Amino acid sequence: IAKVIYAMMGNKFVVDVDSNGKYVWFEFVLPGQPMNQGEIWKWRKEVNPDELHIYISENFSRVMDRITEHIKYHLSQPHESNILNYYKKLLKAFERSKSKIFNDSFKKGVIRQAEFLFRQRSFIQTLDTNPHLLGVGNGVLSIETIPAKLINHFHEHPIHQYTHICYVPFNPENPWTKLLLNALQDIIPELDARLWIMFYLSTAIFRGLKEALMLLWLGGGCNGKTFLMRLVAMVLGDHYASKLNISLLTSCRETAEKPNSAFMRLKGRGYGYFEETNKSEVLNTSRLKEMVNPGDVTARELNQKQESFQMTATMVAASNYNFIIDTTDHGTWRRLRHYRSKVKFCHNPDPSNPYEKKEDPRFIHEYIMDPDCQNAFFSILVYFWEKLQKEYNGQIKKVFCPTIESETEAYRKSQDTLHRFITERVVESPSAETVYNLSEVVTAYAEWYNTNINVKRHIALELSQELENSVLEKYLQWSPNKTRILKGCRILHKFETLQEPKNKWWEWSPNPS
Amino acid sequence: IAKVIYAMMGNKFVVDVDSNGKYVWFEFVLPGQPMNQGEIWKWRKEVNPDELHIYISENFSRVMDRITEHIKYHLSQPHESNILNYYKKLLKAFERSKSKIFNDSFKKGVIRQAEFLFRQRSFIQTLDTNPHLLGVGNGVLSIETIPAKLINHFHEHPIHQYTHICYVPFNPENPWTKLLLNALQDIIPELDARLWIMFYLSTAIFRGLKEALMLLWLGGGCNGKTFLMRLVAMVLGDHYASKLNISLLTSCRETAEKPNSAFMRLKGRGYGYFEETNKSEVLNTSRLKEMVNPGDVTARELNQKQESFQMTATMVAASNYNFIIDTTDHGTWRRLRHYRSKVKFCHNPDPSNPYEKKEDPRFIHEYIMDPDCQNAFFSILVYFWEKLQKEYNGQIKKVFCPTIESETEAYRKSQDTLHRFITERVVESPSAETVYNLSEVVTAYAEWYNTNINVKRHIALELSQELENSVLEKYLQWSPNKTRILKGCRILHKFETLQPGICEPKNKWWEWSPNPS
Ligand SMILES: Nc1ncnc2c1ncn2[C@@H]1O[C@H](COP(=O)(O)OP(=O)(O)O)[C@@H](O)[C@H]1O
Ligand SMILES: Nc1ncnc2c1ncn2[C@@H]1O[C@H](COP(=O)(O)OP(=O)(O)O)[C@@H](O)[C@H]1O
Ligand SMILES: [Mg+2]
Ligand SMILES: [Mg+2]
């Protein structure tokens, strides 16, 4: 019975072994069937194949009816002494066995063996591996080709995960599309910066290898960052975007040794965002470079040791308090991007200040539950991804925007405690020679910033090595006892003295830009 | 047998799988059956369909007897040799199989087979999703339209949660309603403040998305706020309201990632209250912003996986001690409300103290249990919510209340350490200039409250531009070495010196007064 069932309807169900050694039933849903909303044309996980139960109860019974008709017809024709015994015994046995298909234990056995019959090797691990296919509420999108293609018919692609919002082609004439475009234009004024941000954010759809970079932008309390971050995260779906606590950064004590559970995220996700925190946060390579690189890392997995880490999600972090980065490595800062928001919303907008506008509480309280907004936002996102692919072939680095990386290098010029101390307390005051050794200058600097900003423990070797990588070594010889004593300066203290296109902005900006 | 049972009672049962991958049976309660108090006209969770197990053996016997009568009657009629064998064998087989419907194993198999026939996709996750339908002790309550409608017949709304408080239309003539209204009037004297707080408490009935607002209002040592806190909690019930500790509000080194079961509260709750604490406590966005905004939040089920659930519960926090807030963010101080109680009940109230009265101990606790009472209070909340919907279209921000947003802004003008420093030390004393990168100013500021007020971990980066968010930068330029040295002030120590350098309701207040109110 299991073999007949597999032969006659085996194109709709597959099974495979999970990580726990348990057989799992998967059913390919079809139109015209009871189902959850927006999961059509894709596989779903079935704890128990109810459809298979009903099918073997009904269609198989129909087949048995056909067999009974056939054997009755063969008995009808006259024959020799075989009819009185052989066909009568066969008919009696088949009539006795017909009712067996209505027994519960018999169905359990036939399904237990259909588990072996339907077993397809390499199905769990191959699910959702293709990054060019995105589960959508109307089927699945095909973005490997230009333009984007939506298929809502039969296919062989093994897609199981999905988002519950339908997809429509990008029409700029829709009311919601115009509203969203106007809001995006209002939030950030610069054309090049806005295009760069939209281009970078459009990559959340894709789940393959991406350029390793980290995006940080700050500013007014009402920058509207949360309004967007939340919209992108919710529209992209929970299965593809997740909320990451700031505790992942600023590693200390436990780091990645004591049981950690937050690391299991980003497994298949395509978007990761950091929200506003209480105040300024300090961090420097504290399990940060392992998130920046798209390579393979390892750490604690909930309650396990490790399986594998292949992260592919885009990373965005915005706040209203400046982040503290104390490093001089060129490689650490290469993979970083900084921006500053110059718009601060105000409920009393005076005409004298163009960099401010009137808030709309319902703009963040509502307009998020509306499905039309989410459809418009997929339209915008896929349009921007198509534009990026057409122009820069996926290279987010090769895009040109003057203000960006310029604000980044300006930020890199600041947030460097060494240069502040150097051209605050020693530079412009060289007409003296009182320097015991490197140790005294190291201490002066250490308790300097300790009060200048914050306190912390430090290693003297690092502070001695950085001295050569500065501008204070221009006069730094060594005695016969070496020690590399500075050959003249005055460690100052107290105060003392020295003694815009009009329209179609969203479509394209020229190649020079 | 399973198919016949489904065709015979397919309108009273549904089967769906939970998050644990096991089938769950639901039964639609009907009048005239053994049941708990107030679970009428709604589905109830059944671990095992016991009454189905007895129905399949009681009522199916009638159908089986009808079949036996039919086959016997057909046997009575004369025919050819078919009656000799076919009917006799059919009757023998049927009488053999009749006793099977009584068998325990057979019944279990029939139930396990009917599990699939009674299965209904998308039922568990759609339970209680509608926020305009509320379970009540005598059916369900609908607040989709004004006036509210009570349903006491069949319906197709998937409602499972309920409260054991019967509902009656709001009638001021009931003695308990009069007593409760008088008590509310006495507790809070101001008309507009009373209307505002009643309107805010009315939103506890709703379970959908709500405006991000927190009620943090100070009260007298003997105001009686807890009495109401317990009254509303008892009226709503356990399924819709719960008690929360103030420890979560003042976040420690632990966060949402740390395992906790208290944070799993508010899942479907429509109310949450914070009681009186021991002393004034410190808090500043310590999981306050994420508890205020109605955005989706994660769900860390202790040591289990991280789920995601929506927060839709109203929150109230009233105490006799102040709350230490150290921030200047406009956004943070825009989703909060503050009010100070002006009544301190006394057991020997002299006439010379109009803003207080006598205490009726049997009150804060008395009557609370009285069923009747409960029922009443409800009516009050339903009427007030209907009034709010009629007037302000569900916007608690759009309401006009002069006594509120003035005490709140006065409180905002307090709890700000920087202005104390500004108009205590540097203002009115500009006739000197001794500033070291403002670093000495930062140290003086820090030590100031460290001794004057309280202590904590200190950082200086946030304070570099914090001075610019004041009036101290009226003279602050930079030297050739930059360093942005303040260009005039006087650090003050010890004594030093000043060196040169509404309407009262007529008879009824629940009528809300006209639109100006
Ligand atoms: N395009 C817009 N027009 C009018 N108001 C807006 C617009 N975008 C955002 N707002 C309002 O201004 C506020 C922006 O701040 P928010 O979105 O919370 O991010 P953040 O507070 O982190 O800057 C929101 O409350 C939102 O209601
Ligand atoms: N309207 C009222 N009618 C009768 N008694 C009241 C009323 N309001 C307050 N009381 C009494 O005064 C006390 C309220 O003071 P308080 O110490 O704040 O109580 P709690 O803090 O327990 O709510 C209650 O014990 C209550 O018995
Ligand atoms: Mg925001
Ligand atoms: Mg109390």
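Residues numbered from 1 in each chain as written, not as in the entry; some residues may be left out. Chains lettered and ligands numbered in written order. Part of a larger assembly, values for the part shown. Heavy atoms only, no water. Residues with missing side-chain atoms left out of burial classes, pairs and counts.

- Per the deposited record, determination of this structure is attributed to cryo-EM, with the resolution reported as 3.15 Å.

1. Here we look at a positive patch on the surface
Point 1. A contiguous patch of positive charge, built from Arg253(A), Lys258(A), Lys456(A), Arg457(A), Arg253(B) and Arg457(B), is present on the exposed surface.
Point 2. The topology assignment puts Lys258(A) in the loop between strand 8 (241-243) and strand 9 (271-274). (Patch = residues over 30% accessible without salt bridge, like charges linked within 9 Å, V, L, I, M, F, W, Y side chains within 5 Å. Areas by Shrake-Rupley, 256 points an atom, 1.4 Å probe, with all protein chains shown as cover. Salt bridge = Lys/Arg side-chain N within 4 Å of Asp/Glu carboxyl O. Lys, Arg positive; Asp, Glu negative; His and termini not counted. Charge placed at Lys NZ, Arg CZ, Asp CG, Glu CD. Helix = DSSP H or I, 4+ residues; strand = E, 2+ residues; numbered from the N terminus.)

2. A look at the interface of chain A and chain B
Much of the literature gives interface size as the accessible area that the parts lose upon coming together.
Point 1. Taken residue by residue, the interface counts 34 residues in chain A and 33 residues in chain B.
Point 2. Of the roughly 3200 Å² buried between chain A and chain B, counting both surfaces, carbon and sulfur atoms make up 52%.
Point 3. Its largest share of buried area at the contact with chain B, chain A owes to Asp50(A), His365(A) and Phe495(A), together 16% of the area lost on that side.
Point 4. Taken together, chain A and chain B are joined by three salt bridges.
Point 5. When the shortest N-O distance is used, the salt bridge between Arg121(B) and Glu46(A) registers 2.8 Å.
Point 6. Seen at the junction of chain A and chain B, the total is ten residue pairs in polar contact.
Point 7. Elements with a minimum of two residues in the side of chain A that touches chain B: strand 3 (43-46), helix 2 (50-76), helix 4 (104-117), helix 13 (417-426) and helix 14 (438-452) of chain A. (Contact = heavy atoms within 4.5 Å. Buried area = accessible area lost by both parts, 1.4 Å probe. Polar contact = N/O pair within 3.5 Å; in protein donor to acceptor, adjacent residues only side chain to side chain.)

3. Details of the coordination of the magnesium ion (ligand 3)
Tetrahedral coordination by four donors sets the ideal angle at the metal to 109.5 degrees; octahedral coordination by six donors sets it to 90 or 180 degrees.
Point 1. Within the first shell, the magnesium ion (ligand 3) binds the protein through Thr226(A) (N) and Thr226(A) (OG1), at distances of 1.7 to 2.7 Å.
Point 2. Positionally, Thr226(A) belongs in helix 7 (residues 225-236). (Donors = N, O, S within 2.8 Å, 3.2 Å for Na, K, Ca; no water.)

4. Topic: the pairing of strand 13 (residues 314-317) of chain B
Residue and element names in this part refer to chain B.
Point 1. Of the two faces of strand 13, the one lined by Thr314 and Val316 and the one lined by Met315 and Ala317 are each fully buried.
Point 2. As paired elements, strand 9 (residues 271-274) and strand 13 share four bridges and run parallel to each other. For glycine 272, the partnering residue across the bridge sits in strand 13 and is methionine 315. (Buried < 20%, exposed > 50% of the residue type's maximum accessible area, 1.4 Å probe, protein only. Pairing = 2+ DSSP bridges.)

5. Comments concerning the site of ligand 1
Residues and elements named next belong to chain A.
Point 1. In the vicinity of ligand 1 lie 15 residues, with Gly221, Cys222, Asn223, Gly224 and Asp360 positioned nearest.
Point 2. Within the backbone of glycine 221, a nitrogen or oxygen atom sits 2.7 Å from an oxygen atom of ligand 1.
Point 3. Within the contact set of ligand 1, an oxygen atom lies 2.6 Å away from a backbone nitrogen or oxygen of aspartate 360.
Point 4. Taken together, the residues of the shell around ligand 1 sort by class into seven nonpolar, four polar and four charged. (Near = heavy atom within 4 Å. Nonpolar A, V, L, I, M, F, W, Y, C, P; charged D, E, K, R; others polar.)

6. Regarding helix 4 (residues 82-98) of chain B
All names here are of chain B.
Point 1. Taking 1.5 Å of rise per residue, the 17 residues of helix 4 would be expected to cover 24 Å, and the 23 Å separating its terminal C-alpha atoms lies within 8% of that figure.
Point 2. Looking only at helix 4, the buried set comprises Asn82, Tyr87 and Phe94. One side of helix 4 holds all its buried residues, which, seen down the axis, span an arc of 55°. Opposite the buried face of helix 4, at more than 90 degrees from it, the exposed residues are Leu84 and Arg96.
Point 3. As for helix 4, its buried residues are in contact with helix 3 (60-76). (Expected span 1.5 Å × (residues − 1). Arc of directions from axis to C-beta.)

7. Things to note about the sheet that holds strand 8 (residues 241-244) of chain B
Residue and element names in this part refer to chain B.
Point 1. Across the sheet, five strands lie side by side as 8-9-13-7-15; this open sheet has parallel pairing. With one partner strand each, in any of the chains shown, strand 8 and strand 15 (336-337) form the two edges of the open sheet.
Point 2. The strands that helix 8 (residues 225-236) touches are strand 8, strand 9 and strand 13; relative to strand 9, the one it contacts most, it runs at about 155°. (Axes fitted to C-alpha atoms, helices over the stretch in contact; angles between N-to-C directions.)

8. Quick look at the UniProt feature "domain: SF3 helicase" (unreviewed entry) in chain B
Point 1. Those places that UniProt annotates as "domain: SF3 helicase" (unreviewed entry) correspond, in this numbering, to residues 190-358 of chain B.
Point 2. The span residues 190-358 of chain B is 17% helical and 17% strand by assignment, and the distance between its end C-alpha atoms comes to 18 Å. (UniProt positions renumbered as here; feature names shortened; annotations may be inferred.)

9. A word on the UniProt feature "binding site: ADP 8" (unreviewed entry) in chain A
Residue and element names in this part refer to chain A.
Point 1. Residues annotated by UniProt as "binding site: ADP 8" (unreviewed entry) correspond here to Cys222, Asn223, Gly224, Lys225, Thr226, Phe345 and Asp360. In three dimensions, the annotated residues from a span of 139 residues occupy one location, with a maximal C-alpha spread of 14.3 Å.
Point 2. Among the structural elements, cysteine 222 can be located in the loop between strand 7 (215-219) and helix 7.
Point 3. Excluding its chain neighbours within four sequence positions, the residues that come into contact with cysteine 222 are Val343, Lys344, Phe345 and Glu359.
Point 4. By the secondary structure assignment, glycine 224 is in the loop between strand 7 and helix 7.

10. A closer look at the site of ligand 2
Residues and elements named next belong to chain B.
Point 1. With respect to spatial proximity, 15 residues lie near ligand 2, and among them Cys222, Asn223, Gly224, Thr226 and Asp360 are the closest.
Point 2. Take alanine 183: an N or O atom from its main chain is 3.3 Å from a nitrogen atom of ligand 2.
Point 3. A distance of 2.9 Å separates an oxygen atom of ligand 2 from a polar atom in the backbone of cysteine 222.
Point 4. A total of 560 Å² of accessible area belongs to ligand 2 in isolation, and the protein chains cover 79% of it.
Point 5. Counting only elements with at least two residues in the shell around ligand 2, the list comes to helix 6 (175-187), helix 8 and helix 10 (361-364).
Point 6. Taken together, the residues of the shell around ligand 2 break down into eight nonpolar, four polar and three charged.

11. Let's talk about the UniProt feature "binding site: Mg(2+) 1" (unreviewed entry) in chain B
Residues and elements named next belong to chain B.
Point 1. Feature annotation in UniProt assigns "binding site: Mg(2+) 1" (unreviewed entry) to the following positions: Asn223 and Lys225.
Point 2. Within the secondary structure, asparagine 223 sits in the loop between strand 7 (214-216) and helix 8.
Point 3. Beyond its immediate stretch of four places on either side in the chain, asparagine 223 contacts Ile187, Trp217, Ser341, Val343 and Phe345.
Point 4. The topology assignment puts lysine 225 in helix 8.

12. Concerning the pattern of salt bridges
Point 1. For the coordinates displayed, the defined rule picks out 38 salt bridges over all chains.
Point 2. Notably, a salt bridge pairs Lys387(A) with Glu391(A), separated by 3.0 Å at the nearest N-O pair. Linking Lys387(A) with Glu391(A), this pair stays in helix 11 (residues 371-392), spanning four residues, or about one helical turn.
Point 3. Close ionic contact of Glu281(B) with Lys279(B) constitutes a salt bridge, the shortest N to O distance being 3.1 Å.
Point 4. According to the relative accessible area criterion, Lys279(B) is partly exposed, its value standing at 42%.
Point 5. What you see here is one network of salt bridges that share partners, running through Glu27(A), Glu39(A), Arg44(A), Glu46(A) and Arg121(B).

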